[PDB]
$ cat protein-v1.tsv   # TSV, C-alpha atoms and all ligand atoms
chain	number	residue	atom	x	y	z
B	4	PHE	CA	15.30	50.92	45.43
B	5	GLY	CA	17.55	53.72	44.40
B	6	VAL	CA	18.48	56.06	47.17
B	7	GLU	CA	19.48	59.23	45.28
B	8	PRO	CA	17.04	61.94	44.22
B	9	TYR	CA	16.05	61.87	40.56
B	10	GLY	CA	17.34	65.33	39.80
B	11	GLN	CA	19.08	68.13	41.52
B	12	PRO	CA	16.92	70.88	42.92
B	13	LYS	CA	16.04	74.01	41.00
B	14	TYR	CA	14.49	77.02	42.66
B	15	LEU	CA	12.03	79.84	41.94
B	16	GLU	CA	10.98	82.68	44.24
B	17	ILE	CA	7.22	82.53	44.64
B	18	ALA	CA	5.34	84.99	46.75
B	19	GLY	CA	8.27	85.74	48.99
B	20	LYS	CA	9.50	82.16	49.37
B	21	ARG	CA	12.01	80.07	47.51
B	22	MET	CA	10.42	76.83	46.27
B	23	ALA	CA	12.35	73.79	45.13
B	24	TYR	CA	11.51	71.45	42.22
B	25	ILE	CA	12.88	68.86	39.85
B	26	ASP	CA	12.52	69.55	36.13
B	27	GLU	CA	14.13	67.18	33.66
B	28	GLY	CA	13.55	66.42	30.02
B	29	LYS	CA	11.54	67.93	27.19
B	30	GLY	CA	8.05	67.86	25.82
B	31	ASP	CA	4.60	67.84	27.26
B	32	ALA	CA	4.62	68.06	31.08
B	33	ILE	CA	4.28	65.05	33.40
B	34	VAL	CA	3.89	66.60	36.85
B	35	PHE	CA	4.33	64.42	39.97
B	36	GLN	CA	2.98	65.77	43.27
B	37	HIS	CA	3.79	64.37	46.68
B	38	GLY	CA	1.84	64.90	49.91
B	39	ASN	CA	2.45	64.57	53.64
B	40	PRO	CA	5.18	64.17	55.03
B	41	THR	CA	7.16	63.54	51.83
B	42	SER	CA	8.70	65.58	48.98
B	43	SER	CA	9.72	65.15	45.37
B	44	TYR	CA	12.03	62.42	46.72
B	45	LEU	CA	8.99	60.12	46.85
B	46	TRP	CA	9.00	59.91	43.05
B	47	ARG	CA	12.69	59.21	42.56
B	48	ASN	CA	12.30	55.55	41.47
B	49	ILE	CA	9.17	56.26	39.37
B	50	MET	CA	10.22	59.25	37.24
B	51	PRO	CA	12.91	57.23	35.35
B	52	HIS	CA	10.13	55.19	33.77
B	53	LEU	CA	8.84	58.31	32.12
B	54	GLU	CA	12.07	59.31	30.44
B	55	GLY	CA	11.53	60.30	26.87
B	56	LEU	CA	7.78	60.68	27.36
B	57	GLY	CA	7.81	64.33	28.42
B	58	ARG	CA	9.13	67.06	30.66
B	59	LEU	CA	9.20	65.57	34.15
B	60	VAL	CA	8.40	67.97	36.94
B	61	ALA	CA	8.17	67.27	40.68
B	62	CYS	CA	7.68	70.21	43.11
B	63	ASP	CA	8.34	70.38	46.84
B	64	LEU	CA	5.33	71.85	48.68
B	65	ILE	CA	5.98	74.98	50.79
B	66	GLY	CA	7.62	74.07	54.04
B	67	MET	CA	8.54	70.67	52.70
B	68	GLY	CA	11.48	69.05	50.93
B	69	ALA	CA	13.98	71.80	49.88
B	70	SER	CA	11.28	74.51	49.74
B	71	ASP	CA	11.43	77.38	52.29
B	72	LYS	CA	9.63	77.39	55.58
B	73	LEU	CA	6.92	80.03	56.15
B	74	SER	CA	7.77	82.47	58.96
B	75	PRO	CA	6.56	83.22	61.46
B	76	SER	CA	5.08	79.74	61.55
B	77	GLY	CA	2.22	78.63	63.71
B	78	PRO	CA	-1.22	76.95	63.75
B	79	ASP	CA	-2.69	79.36	61.20
B	80	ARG	CA	0.00	78.51	58.60
B	81	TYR	CA	0.19	75.76	55.95
B	82	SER	CA	-3.59	75.32	55.49
B	83	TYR	CA	-4.74	73.65	52.31
B	84	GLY	CA	-5.50	77.09	50.94
B	85	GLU	CA	-2.03	78.46	51.62
B	86	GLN	CA	-0.35	75.30	50.21
B	87	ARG	CA	-2.51	75.79	47.15
B	88	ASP	CA	-1.64	79.45	46.73
B	89	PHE	CA	2.05	78.65	46.72
B	90	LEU	CA	1.89	75.49	44.52
B	91	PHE	CA	-0.49	76.90	41.95
B	92	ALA	CA	1.73	79.96	41.56
B	93	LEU	CA	4.76	77.72	41.13
B	94	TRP	CA	3.03	75.63	38.49
B	95	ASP	CA	2.01	78.83	36.69
B	96	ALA	CA	5.61	80.11	36.76
B	97	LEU	CA	7.00	76.86	35.31
B	98	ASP	CA	5.14	77.27	32.00
B	99	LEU	CA	3.91	73.67	31.97
B	100	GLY	CA	1.81	74.00	28.80
B	101	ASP	CA	-1.49	72.54	28.00
B	102	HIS	CA	-0.99	68.80	27.70
B	103	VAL	CA	-0.27	68.02	31.31
B	104	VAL	CA	-0.40	64.50	32.77
B	105	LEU	CA	-0.72	64.71	36.56
B	106	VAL	CA	0.66	61.92	38.75
B	107	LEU	CA	-0.73	62.41	42.25
B	108	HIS	CA	-0.57	61.02	45.84
B	109	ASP	CA	-2.18	61.96	49.25
B	110	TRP	CA	-2.56	65.78	49.55
B	111	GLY	CA	-0.84	66.04	46.20
B	112	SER	CA	-4.03	64.52	44.82
B	113	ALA	CA	-6.36	67.08	46.47
B	114	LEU	CA	-4.14	69.88	45.10
B	115	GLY	CA	-3.81	68.31	41.67
B	116	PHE	CA	-7.46	67.35	41.33
B	117	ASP	CA	-8.42	70.95	42.30
B	118	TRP	CA	-5.90	72.32	39.78
B	119	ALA	CA	-7.20	70.09	36.98
B	120	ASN	CA	-10.79	71.00	37.73
B	121	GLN	CA	-9.77	74.67	37.44
B	122	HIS	CA	-7.66	74.09	34.29
B	123	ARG	CA	-9.59	71.36	32.52
B	124	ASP	CA	-8.41	72.38	29.07
B	125	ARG	CA	-4.76	71.94	30.12
B	126	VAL	CA	-4.91	68.39	31.52
B	127	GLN	CA	-4.52	65.32	29.26
B	128	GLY	CA	-4.68	62.58	31.92
B	129	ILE	CA	-4.46	61.96	35.67
B	130	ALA	CA	-2.79	59.07	37.41
B	131	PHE	CA	-3.45	58.84	41.10
B	132	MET	CA	-2.85	56.51	44.04
B	133	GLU	CA	-3.79	56.60	47.72
B	134	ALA	CA	-5.63	59.82	46.98
B	135	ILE	CA	-8.25	62.08	48.64
B	136	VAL	CA	-11.28	61.49	46.46
B	137	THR	CA	-14.28	61.91	48.76
B	138	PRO	CA	-15.18	63.19	52.22
B	139	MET	CA	-14.48	60.60	54.84
B	140	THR	CA	-15.56	59.26	58.19
B	141	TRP	CA	-13.24	57.56	60.64
B	142	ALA	CA	-14.48	54.19	59.45
B	143	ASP	CA	-12.74	54.95	56.12
B	144	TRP	CA	-9.49	55.69	57.86
B	145	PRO	CA	-7.01	52.77	58.54
B	146	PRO	CA	-7.74	51.37	61.94
B	147	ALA	CA	-4.06	51.28	62.95
B	148	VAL	CA	-3.72	55.02	62.73
B	149	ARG	CA	-7.06	56.38	63.91
B	150	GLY	CA	-5.85	57.33	67.32
B	151	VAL	CA	-2.68	59.06	66.03
B	152	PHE	CA	-4.67	61.12	63.50
B	153	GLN	CA	-7.33	62.06	66.08
B	154	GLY	CA	-4.40	63.20	68.27
B	155	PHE	CA	-3.00	65.36	65.47
B	156	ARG	CA	-6.50	66.87	65.14
B	157	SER	CA	-6.42	68.09	68.74
B	158	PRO	CA	-4.14	70.22	70.92
B	159	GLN	CA	-1.93	67.14	71.44
B	160	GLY	CA	-0.91	67.57	67.79
B	161	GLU	CA	1.67	70.26	68.62
B	162	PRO	CA	3.89	68.05	70.86
B	163	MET	CA	3.26	65.05	68.60
B	164	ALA	CA	4.52	66.70	65.42
B	165	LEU	CA	6.70	69.63	66.52
B	166	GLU	CA	8.43	67.94	69.44
B	167	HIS	CA	8.33	64.24	68.65
B	168	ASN	CA	8.14	64.33	64.81
B	169	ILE	CA	5.58	61.45	64.91
B	170	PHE	CA	4.42	61.86	61.29
B	171	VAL	CA	7.93	61.33	59.94
B	172	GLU	CA	9.23	58.88	62.50
B	173	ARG	CA	6.11	56.67	62.97
B	174	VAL	CA	3.36	57.27	60.43
B	175	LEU	CA	5.61	57.24	57.37
B	176	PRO	CA	7.46	53.96	58.10
B	177	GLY	CA	4.29	52.35	59.45
B	178	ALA	CA	2.58	52.79	56.08
B	179	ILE	CA	5.41	51.19	54.00
B	180	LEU	CA	5.56	47.37	53.76
B	181	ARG	CA	9.31	47.18	53.36
B	182	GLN	CA	11.82	48.78	55.70
B	183	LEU	CA	13.52	51.87	54.29
B	184	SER	CA	17.29	52.00	54.35
B	185	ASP	CA	18.71	54.43	56.82
B	186	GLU	CA	19.87	56.62	53.92
B	187	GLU	CA	16.32	56.79	52.44
B	188	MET	CA	14.81	57.51	55.80
B	189	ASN	CA	17.30	60.34	56.33
B	190	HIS	CA	16.24	61.91	53.03
B	191	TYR	CA	12.65	62.01	54.44
B	192	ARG	CA	13.92	63.37	57.76
B	193	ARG	CA	15.98	66.12	56.19
B	194	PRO	CA	13.35	68.88	55.99
B	195	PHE	CA	12.26	68.22	59.57
B	196	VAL	CA	15.45	67.61	61.58
B	197	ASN	CA	14.88	70.76	63.68
B	198	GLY	CA	12.37	70.40	66.49
B	199	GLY	CA	9.71	73.05	66.47
B	200	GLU	CA	7.92	74.94	63.69
B	201	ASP	CA	9.99	73.37	60.86
B	202	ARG	CA	7.61	70.44	61.38
B	203	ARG	CA	4.42	72.49	61.13
B	204	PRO	CA	3.39	71.33	57.69
B	205	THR	CA	3.27	67.74	58.94
B	206	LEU	CA	0.65	68.89	61.51
B	207	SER	CA	-1.37	71.31	59.47
B	208	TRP	CA	-2.00	68.67	56.78
B	209	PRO	CA	-3.80	66.14	59.01
B	210	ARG	CA	-5.85	68.98	60.42
B	211	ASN	CA	-7.17	69.59	56.89
B	212	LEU	CA	-8.29	66.05	56.18
B	213	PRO	CA	-12.02	66.00	55.35
B	214	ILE	CA	-13.29	63.76	58.13
B	215	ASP	CA	-16.81	63.76	59.62
B	216	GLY	CA	-17.58	67.03	57.91
B	217	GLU	CA	-14.61	69.06	59.11
B	218	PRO	CA	-12.99	71.23	58.05
B	219	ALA	CA	-16.09	72.29	56.06
B	220	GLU	CA	-14.11	74.21	53.41
B	221	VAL	CA	-12.08	71.16	52.52
B	222	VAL	CA	-15.15	68.92	52.47
B	223	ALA	CA	-16.68	71.45	50.06
B	224	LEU	CA	-13.60	71.45	47.82
B	225	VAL	CA	-13.49	67.69	47.55
B	226	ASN	CA	-17.18	67.45	46.81
B	227	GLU	CA	-16.67	69.95	43.97
B	228	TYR	CA	-13.72	68.26	42.35
B	229	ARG	CA	-15.08	64.78	42.77
B	230	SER	CA	-18.23	65.73	40.86
B	231	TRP	CA	-15.96	66.67	37.96
B	232	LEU	CA	-13.95	63.45	38.23
B	233	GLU	CA	-17.19	61.37	38.13
B	234	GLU	CA	-18.39	62.94	34.96
B	235	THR	CA	-15.31	63.91	32.95
B	236	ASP	CA	-14.13	61.91	29.97
B	237	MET	CA	-10.53	62.82	30.84
B	238	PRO	CA	-8.52	59.64	30.94
B	239	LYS	CA	-7.62	58.33	34.39
B	240	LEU	CA	-5.22	55.81	35.81
B	241	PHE	CA	-6.22	54.47	39.22
B	242	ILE	CA	-3.34	52.76	40.96
B	243	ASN	CA	-4.98	50.72	43.68
B	244	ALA	CA	-2.90	49.40	46.57
B	245	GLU	CA	-3.13	46.15	48.59
B	246	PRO	CA	-3.85	46.31	51.43
B	247	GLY	CA	-3.95	50.05	50.86
B	248	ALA	CA	-4.93	52.67	53.45
B	249	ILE	CA	-7.12	55.52	52.36
B	250	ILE	CA	-8.56	54.02	49.18
B	251	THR	CA	-10.06	50.75	50.55
B	252	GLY	CA	-13.54	49.42	51.13
B	253	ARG	CA	-16.34	51.73	50.08
B	254	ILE	CA	-13.95	54.44	48.82
B	255	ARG	CA	-12.28	51.91	46.49
B	256	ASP	CA	-15.73	50.81	45.22
B	257	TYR	CA	-16.54	54.53	44.58
B	258	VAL	CA	-13.33	55.22	42.59
B	259	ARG	CA	-14.03	52.15	40.49
B	260	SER	CA	-17.21	53.80	39.20
B	261	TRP	CA	-15.33	56.63	37.50
B	262	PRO	CA	-15.38	56.61	33.69
B	263	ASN	CA	-12.55	56.39	31.18
B	264	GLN	CA	-10.36	54.79	33.78
B	265	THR	CA	-7.53	52.22	33.63
B	266	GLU	CA	-6.80	50.33	36.88
B	267	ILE	CA	-3.73	48.62	38.22
B	268	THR	CA	-3.10	47.11	41.61
B	269	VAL	CA	0.25	47.02	43.37
B	270	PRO	CA	1.35	46.01	46.83
B	271	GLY	CA	1.47	48.78	49.43
B	272	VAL	CA	-0.19	50.52	52.33
B	273	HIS	CA	-0.09	54.32	51.90
B	274	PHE	CA	3.37	55.26	50.60
B	275	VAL	CA	3.02	52.83	47.75
B	276	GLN	CA	5.94	54.36	45.85
B	277	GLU	CA	8.29	52.80	48.37
B	278	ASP	CA	6.95	49.31	47.87
B	279	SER	CA	6.10	49.07	44.16
B	280	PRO	CA	7.97	51.77	42.18
B	281	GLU	CA	8.73	49.57	39.10
B	282	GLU	CA	5.11	48.50	38.71
B	283	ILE	CA	3.81	51.99	39.22
B	284	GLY	CA	6.33	53.46	36.83
B	285	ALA	CA	5.60	50.91	34.16
B	286	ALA	CA	1.85	51.54	34.44
B	287	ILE	CA	2.13	55.32	34.20
B	288	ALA	CA	4.41	54.91	31.16
B	289	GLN	CA	1.87	52.65	29.45
B	290	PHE	CA	-0.90	55.15	30.24
B	291	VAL	CA	1.10	58.08	28.84
B	292	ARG	CA	2.11	56.15	25.69
B	293	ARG	CA	-1.54	55.37	25.09
B	294	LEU	CA	-2.52	59.02	25.50
B	295	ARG	CA	0.19	60.07	23.07
B	296	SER	CA	-0.91	57.25	20.65
E	301	BR	BR	-2.15	64.13	56.44
$ encode --input "protein-v1.tsv" --output "structure tokens"
Amino acid sequence: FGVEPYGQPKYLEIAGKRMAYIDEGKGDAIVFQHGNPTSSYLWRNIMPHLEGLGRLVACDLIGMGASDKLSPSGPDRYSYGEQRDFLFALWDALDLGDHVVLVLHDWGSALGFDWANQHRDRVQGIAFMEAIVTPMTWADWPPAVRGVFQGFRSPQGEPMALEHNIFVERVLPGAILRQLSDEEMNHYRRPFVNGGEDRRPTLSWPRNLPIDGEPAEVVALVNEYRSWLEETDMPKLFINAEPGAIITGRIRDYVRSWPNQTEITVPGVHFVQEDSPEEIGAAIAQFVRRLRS
């Protein structure tokens, strides 16, 4: 498990904010998108497997990784919709072309599925793991973290995230099978070392999860993109995790009904990149070679 980032950050000003990304290599774009509470760093041991298969791009969501913080920050900031406005504008600016393979996790999957559904002609394939693929109930959510996520989705969320940094310090390591090295953990901590609003994105994200019908706008979004994913003949790569976290049980059965789909299974809970990067990397490379072939 390599500890260094895959590339050095590059920056573009988007809508009044500097956003950070990795962009290495040439050819058709392979775009990796992290979710909460991670950054492009999550992909550092996976991207090498895609060398020579395209232009490898991994963006840091607004407020996350090396991307700027929104200001003034507060409970109305970093909604799905605002994260989308910033990321979609970044992807537009980067001139990704029209043969994009998306490699998606967590909220990166909601964003990337939405983007593909809105740019169907530009997407060649989607690989996804531990993704948001359908509206949920708490029974779908890992038992071990129900209480913590209900707390985030309440007024207790502010002290949990902004004061105590619980998403970074507890949720992240609790959903990795191995133990991160201190150096790896401190790469995850970096964007969030300051108590207070720097940690807002880690709180806004759980508040957007589509659970028991709320928030309704996100439930609506997921229902729209999932209807496309059911029907589309776009090639898919489903990277299932064991035991997994958010794609388990009935949700896993549901994903397995999608057409034109390759499956792999690798060990992991939620942050599967930190347990099985070689296997994930190999599988994405085989998928992309097939799509080029
Ligand atoms: Br979340």
$ closest_atom_pairs --input "protein-v1.tsv" --of "chain B" --to "ligand BR 301 (chain E)" --cutoff "10 Å" --atoms "all atoms listed in the file" --output "tab-separated table"
residue	atom	partner	partner_atom	distance
B:38	CA	E:BR301	BR	7.7
B:39	CA	E:BR301	BR	5.4
B:40	CA	E:BR301	BR	7.5
B:109	CA	E:BR301	BR	7.5
B:110	CA	E:BR301	BR	7.1
B:152	CA	E:BR301	BR	8.1
B:155	CA	E:BR301	BR	9.2
B:170	CA	E:BR301	BR	8.5
B:174	CA	E:BR301	BR	9.7
B:204	CA	E:BR301	BR	9.2
B:205	CA	E:BR301	BR	7.0
B:206	CA	E:BR301	BR	7.5
B:207	CA	E:BR301	BR	7.8
B:208	CA	E:BR301	BR	4.6
B:209	CA	E:BR301	BR	3.7
B:210	CA	E:BR301	BR	7.3
B:211	CA	E:BR301	BR	7.4
B:212	CA	E:BR301	BR	6.4
$ atom_distance --input "protein-v1.tsv" --atom1 "atom CA of residue 134 of chain B" --atom2 "atom CA of residue 213 of chain B"
12.2 Å
$ atom_distance --input "protein-v1.tsv" --atom1 "atom CA of residue 295 of chain B" --atom2 "atom CA of residue 55 of chain B"
12.0 Å
$ residues_around --input "protein-v1.tsv" --residues "residue 265 of chain B" --least-positions-apart "4" --cutoff "12 Å" --atoms "all atoms listed in the file" --output "VMD selection string"
chain B and resid 128 to 131 237 to 243 258 to 261 286 to 287 289 to 291 293 to 294
$ residues_around --input "protein-v1.tsv" --residues "residue 253 of chain B" --least-positions-apart "6" --cutoff "12 Å" --atoms "only C-alpha atoms" --output "PyMOL selection string"
chain B and resi 136-140+142-144+259-260
$ closest_atom_pairs --input "protein-v1.tsv" --of "segment 38-113 of chain B" --to "segment 24-28 of chain B" --cutoff "6 Å" --atoms "only C-alpha atoms" --output "Markdown table"
| residue | atom | partner | partner_atom | distance |
| --- | --- | --- | --- | --- |
| B:58 | CA | B:28 | CA | 4.5 |
| B:59 | CA | B:27 | CA | 5.2 |
| B:60 | CA | B:26 | CA | 4.5 |
| B:61 | CA | B:25 | CA | 5.0 |
| B:62 | CA | B:24 | CA | 4.1 |
| B:63 | CA | B:24 | CA | 5.7 |
$ closest_residue --input "protein-v1.tsv" --among "B:9, B:81, B:89, B:94" --to "residue 200 of chain B" --atoms "only C-alpha atoms"
B:81
$ closest_residue --input "protein-v1.tsv" --among "B:122, B:167, B:156, B:190" --to "residue 218 of chain B" --atoms "all atoms listed in the file"
B:156
$ closest_residue --input "protein-v1.tsv" --among "B:227, B:278, B:186, B:161" --to "residue 119 of chain B" --atoms "only C-alpha atoms"
B:227
